[PDB]
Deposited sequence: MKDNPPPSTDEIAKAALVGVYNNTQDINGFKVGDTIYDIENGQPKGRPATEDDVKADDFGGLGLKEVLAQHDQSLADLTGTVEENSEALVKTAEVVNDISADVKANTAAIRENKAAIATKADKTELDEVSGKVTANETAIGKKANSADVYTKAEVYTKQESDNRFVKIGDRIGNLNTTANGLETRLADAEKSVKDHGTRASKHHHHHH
């Protein structure tokens, strides 16, 4: 069987490894495992750091980076939403002016006494 002493040491080493998973590690930090039922330390190299799923940052630090990313990205998305509204307002305005002008173009597309005397004269 494993003695109480071996169990205890394996638990302590396990705890250390989870603590590095949570809090991160860097070049030169001790990395521990169990060998001959004894804890054995060696220094983390840059290869160990690169082999870690998150480059040794630890879960807490990656989560903090995600908080910053989320807040920043939400800010850009908010700026884009407002730009969309402003653009839609302008476009509707332009849509009214193009129709008013169309109607104007349509509209502007408009294109005895004698016997007595004789007897006397005879004398």
Where along the deposited sequence are residues missing from the model? 1-5, 117-177, 190-208
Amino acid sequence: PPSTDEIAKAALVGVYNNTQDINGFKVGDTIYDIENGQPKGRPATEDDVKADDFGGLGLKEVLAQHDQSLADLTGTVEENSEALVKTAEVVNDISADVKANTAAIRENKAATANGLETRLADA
From here on, numbers count along this sequence of modelled residues.
Of 66-74 and 41-49, the stretch with the higher mean C-alpha B-factor in the deposited entry is 41-49
Avg C-alpha B-factor, entry values, 54-62 vs 88-96, higher side is 88-96
Lowest, middle or highest third - CA B-factor, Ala113: highest
Relative to the other modelled residues of the same chain, rank the CA B-factor of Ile22 and answer lowest, middle or highest third. lowest
